[PDB]
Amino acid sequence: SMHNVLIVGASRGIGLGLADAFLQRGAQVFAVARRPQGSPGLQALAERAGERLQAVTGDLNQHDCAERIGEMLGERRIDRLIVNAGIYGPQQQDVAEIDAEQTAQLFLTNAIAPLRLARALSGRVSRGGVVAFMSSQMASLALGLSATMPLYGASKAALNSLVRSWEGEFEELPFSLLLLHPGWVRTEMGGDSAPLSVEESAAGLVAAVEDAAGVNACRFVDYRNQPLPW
C-alpha cells in the first residue's frame, strides 16, 4: 500500500526529511509547502527524484488547502497523510503574557487546522492507510516535560485530544491515526543542542508510519516507534 504520500509542510526540517526518506523508499511524494520554489531542499529532491516528487503550493492555515491538494491529486488516493507544519508560539512560552492573537495562531496552527485539513481529505485516504500528525513528547500529561515549553506543549496536548476525539467518531477506524514524537531534532525550532539529525528522525518516523499501515489503530509513538504515555 505505500504509493501516495502527502506531506503537509515539507520545505525544510523534519518535513523535508520525511519527503526525502519516503522518496528513498520508492514512494510517490506530494510535498506541500507555502513557497516550494523558495526551498532549496525541495528543489534538490525534485532534481534527484524527478516526477516522483511533486511540489504542491499550500498553506495549512488556508481553508482552500484541501481543495488545492485534491485538485492536484485528481483521482489519486492518499496512502499516507502526514501533517508536519507547525509553530512554536511565543518565544518566552509564558502563559502570563500570551495575547488573544497569539493564542488563536498557536491553537489554530498546531491543533485545529491539522484536524480541519485531515478531515477534509479523509475521504481520499486509502482504507487501511495512515493519517499521522506530528506531535511532541511535550503533549504528554504523564511525562510532565511541558514545563520546558508550556504553550507549545498545551497546543500539542490539544492536537492529541482532537485526534482522539476524531477517533471517537468512527464505528470502525478506516485508517490509522498516529501522533508522532520525532525526538529533539536539529531544525530551526529544535536548535543546535538537539541530539538527532533530521535524517535519523525521519528514518525512524517512516518506519513507525509503515508499522501502522493496515492496522487501523490510534497510537502515540516516537521516532523509534516506542509508545508514549498520554
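One rule holds for the numbers: they count along the sequence shown, beginning at 1.
Check whether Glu169 goes without coordinates in at least a third of the other compared PDB entries of this protein that model residues on both sides of it. Counting only entries that model residues on both sides, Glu169 is resolved in every one of them.
Of the other PDB entries for this protein whose models extend past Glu51 on both sides, does at least a third leave it without coordinates? Across the other compared entries, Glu51 is absent from none.
Comparing 96-104 with 71-79, which has the greater mean CA B-factor as deposited? Averaging CA B-factors over each stretch, the winner is 71-79.
Of 201-209 and 44-52, which one has the bigger average CA B-factor? Averaged over C-alpha atoms, the B-factors run higher in 44-52.
Residue with maximal Cα B-factor (values as given in the PDB entry) among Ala27, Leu60, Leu162, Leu178: Checking the PDB record, the top C-alpha B-factor among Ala27, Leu60, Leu162, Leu178 is at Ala27.
Among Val221, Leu23, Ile14, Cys218, where is the Cα temperature factor highest, going by the PDB entry? Max CA B-factor in the entry, restricted to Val221, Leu23, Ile14, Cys218: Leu23.
Taking only the Cα B-factors deposited for this chain, tell me whether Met2 sits in the lowest, middle or highest third. For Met2, whose C-alpha B-factor we compare with every modelled residue in the chain, the answer is the highest third.
Sort the modelled residues of this chain by their C-alpha B factor and say whether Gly129 lands in the lowest, middle or highest third. Its C-alpha B-factor, which the entry lists for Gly129, ranks in the middle third among residues of this chain.
Ranking every modelled residue in this chain by its Cα temperature factor as given in the entry, which third contains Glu167? Answer is lowest: the recorded C-alpha B-factor places it there.
Among the chain's modelled residues, which third holds the C-alpha B-factor of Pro114? For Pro114, whose C-alpha B-factor we compare with every modelled residue in the chain, the answer is the lowest third.
Comparing against every modelled residue in the chain, figure out the third that the C-alpha B-factor of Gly123 lands in (lowest, middle or highest). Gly123: CA B-factor falls in the highest third of its chain.
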